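If you count by the deposited numbering, then the sequence shown holds residues 1 to 35, 44 to 298, one letter each, in order. Cβ atoms here follow ideal geometry from the backbone N, Cα and C, with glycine treated the same way. Comments concern the structure below.
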Amino acid sequence: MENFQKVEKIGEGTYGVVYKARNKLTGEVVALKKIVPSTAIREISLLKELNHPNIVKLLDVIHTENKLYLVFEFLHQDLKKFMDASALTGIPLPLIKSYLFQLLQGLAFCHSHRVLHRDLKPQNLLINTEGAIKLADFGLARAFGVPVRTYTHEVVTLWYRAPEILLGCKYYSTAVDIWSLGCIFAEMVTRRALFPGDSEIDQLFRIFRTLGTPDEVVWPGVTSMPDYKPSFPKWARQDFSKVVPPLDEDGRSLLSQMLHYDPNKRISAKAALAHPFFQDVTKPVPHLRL
Ligand SMILES: Brc1cnn2c(NCc3ccncc3)cc(-c3ccccc3)nc12
C-alpha cells in the first residue's frame, strides 16, 4: 500500500472503505478498496482475467499483513448519484436504453464464464463522460459472501434481490443478476425504486403485490422452496402499464421477461440483447458535472 496516495473517500463499500488514490509511481488514478482465507485469494485472483469494457477493471490484488486491497480502474460517477441528479427531468429514454444494453453485454460476458455478481445495485454501476457504464464488484460475493450489514453497519439493500434468494434457494443462478438489472431498469424509467423493501418479508411482499403471489402455475416448485409459507397472502398481478409508465411496449415486454418468477424462464442476458427493444439503440453522451 505504500505505493498509493489516498486522495479522498469515494464510497463506503460492502466490505470496506473505497478510496480514490494515486499510484505514487505511475501517477495512475485508481479506486482502492480495503476488504485471508486462501479460497478467497484464489477466487479474487481469477477475476483479474475477467475483462470486458462494461466491467470495471480489477488492476491488482494486494495481500499484506493479512490485509486485502483491491485496486480498480477509477470512474467519476455512479448511477445512484446520476439518477439523484437527473430526478427533476429523468434520464432520457435513449440513454436508459444504452445503459441497459451495455449492462446486458457485461452480464452476458460474466455469465458466459459462470461468474455471478449477486448484488447489483445503482451504487455499483459506474459511468464516465463517454457514455459508458460499467459493473463494479462482479464476483466478490462468491469470494467474500454478502453480509446483512456493511463494515460500517449500514444495511445492505434488499431492493434488488431476486425472489429465489429471498425464498431460500441455495444454488441460485445467473438469473439473479437479470432480476436485479430489471429492477434498476424500472427505477431509471420511473425515478422511484421498484421494490424498496425494508426487511426480507417486506421485500417479498412488495414483489408479490406487484407481480402477484407466485404459485405452482407461474413457478413450478415454488411451494417447496425453503422459506415459502402456505400462509403468504395471495395478491393479484398488476399490469406493467401501471408499474412503469410511460415505458413503451417493447420496454414493458423486456422488463416482464427480466422479472419472470421462475429463474429458468427468466430471460438470459444474451437473449435480452436480441430483444426488439434494442432495435434502435444508440450511445448518447450523458451530461456529467464533475
Ligand atoms: Br471500484 C470503483 C471505481 N470508481 N468508483 C466510484 N466512482 C464514483 C465516485 C464517487 C464519488 N467520488 C468520486 C467518484 C465509486 C465507487 C463506490 C463504492 C462504494 C460506494 C459508492 C461508490 N466505487 C468505484
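With DSSP collapsed to three states, give me the class of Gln265.
Taking the first residue of the sequence shown as 1, we reach residue 265 at position 257. Helix.
Three-state class that DSSP yields for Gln110 in the structure shown
The sequence position of residue 110 within the sequence shown is 102, counting from 1. Of the three classes helix, strand and coil, the one that applies to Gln110 here is helix, per DSSP.
Residues that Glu172 bridges to, as DSSP identifies them
Translated into the one-based positions of the sequence shown, residue 172 becomes position 164. The partner list for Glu172 (beta bridge, DSSP) is empty, contrary to what the question assumes.
Quick check on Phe4: does DSSP put it in helix, strand or coil?
Counting from 1 along the sequence shown, the entry for residue 4 is found at position 4. Three-state result, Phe4: strand.
Where do the ends of the alpha helix (DSSP H) carrying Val197 lie?
Residue mapping note: residue 197 aligns to position 189 of the sequence shown, counting from 1. Going by DSSP, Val197 is part of the alpha helix (DSSP H) stretching over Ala183 to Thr198.
Rounded distance between the beta-carbons of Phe146 and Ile63, thought under 8 Å:
One-based indexing of the sequence shown puts residue 63 at position 55. One-based indexing of the sequence shown puts residue 146 at position 138. The Cβ separation is near 6 Å, so the contact holds.
Top-ranked residue by Cα proximity to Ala116, from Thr160, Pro61 and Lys105
To locate residue 116, count along the sequence shown from 1; it is residue 108. If we check each option's Cα against that of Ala116, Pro61 comes out closest.
Out of curiosity, what's the CA-to-CA distance linking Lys89 and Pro155?
For this step, residue 89 is matched to residue 81 along the sequence shown. For this step, residue 155 is matched to residue 147 along the sequence shown. Cα-Cα distance, rounded: 23 Å.
Determine whether the beta carbon atoms of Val7 and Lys24 lie at a separation below 9 Å.
As a working mapping, residue 7 is identified with position 7 in the sequence shown. As a working mapping, residue 24 is identified with position 24 in the sequence shown. Going by C-beta atoms, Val7 is not nearer than 9 Å to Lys24.
Just checking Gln85 against ligand 1 - is the residue's beta carbon closer than 8 Å to any of the ligand's heavy atoms?
Translated into positions along the sequence shown, residue 85 becomes position 77. Result yes, Cβ under 8 Å from ligand 1.
Is any heavy atom in ligand 1 found nearer than 8 Å to the beta carbon of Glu8?
For this step, residue 8 is matched to residue 8 along the sequence shown. Checking every heavy atom of ligand 1 against the Cβ of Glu8, one is found closer than 8 Å.
Using the Cβ count rule (16 or more neighbours within 10 Å means buried), how would you classify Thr47?
Counting from 1 along the sequence shown, the entry for residue 47 is found at position 39. Its Cβ having fewer than 16 others within 10 Å, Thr47 is exposed.
Can you list, in chain order, the residues of its chain with a C-beta nearer than 8 Å to that of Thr158? Leave out the 5 residues immediately preceding and following it.
As a position in the sequence shown, residue 158 is number 150, starting the count at 1. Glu12, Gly13, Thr14, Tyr15 and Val164, listed in sequence order.
Going by DSSP, name the residue or residues bridged to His71.
Translated into the one-based positions of the sequence shown, residue 71 becomes position 63. Partner(s): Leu76.
Where does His125 land, buried or exposed, given buried means 16+ other C-beta within 10 angstroms?
The residue labelled residue 125 in the question sits at position 117 within the sequence shown. By the 10 Å Cβ count, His125 comes out buried.
Give the single residue among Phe203, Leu112 and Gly190 whose Cα lies nearest to the Cα of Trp167.
To locate residue 167, count along the sequence shown from 1; it is residue 159. Comparing Cα-Cα distances from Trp167 to each of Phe203, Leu112 and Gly190, the minimum goes to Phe203.
Beta-carbon proximity list for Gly98, same chain, < 6 Å, skipping 5 on both sides
Mapped onto the sequence shown, residue 98 falls at position 90. Taken in chain order, the residues that qualify are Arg199.
Stretch-stretch touch, CB-based, cutoff 8 Å, three pairs: the segment 231 to 249 with the segment 179 to 189
No, the segment 231 to 249 is not in contact with the segment 179 to 189.
Looking at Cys118: is its Cβ nearer than 9 Å to the Cβ of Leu78?
To locate residue 118, count along the sequence shown from 1; it is residue 110. To locate residue 78, count along the sequence shown from 1; it is residue 70. No, the Cβ-Cβ distance between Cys118 and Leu78 is not below 9 Å.
By Cβ distance below 7 Å, which residues in the same chain neighbour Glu224 in space, the five residues on each side in sequence not counted?
Mapped onto the sequence shown, residue 224 falls at position 216. Only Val230 and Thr231 meet the Cβ criterion.
Which residues bound the alpha helix (DSSP H) around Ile209?
Start at 1 with the first residue of the sequence shown, and residue 209 comes out as number 201. From DSSP, the alpha helix (DSSP H) with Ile209 extends over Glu208 to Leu219.
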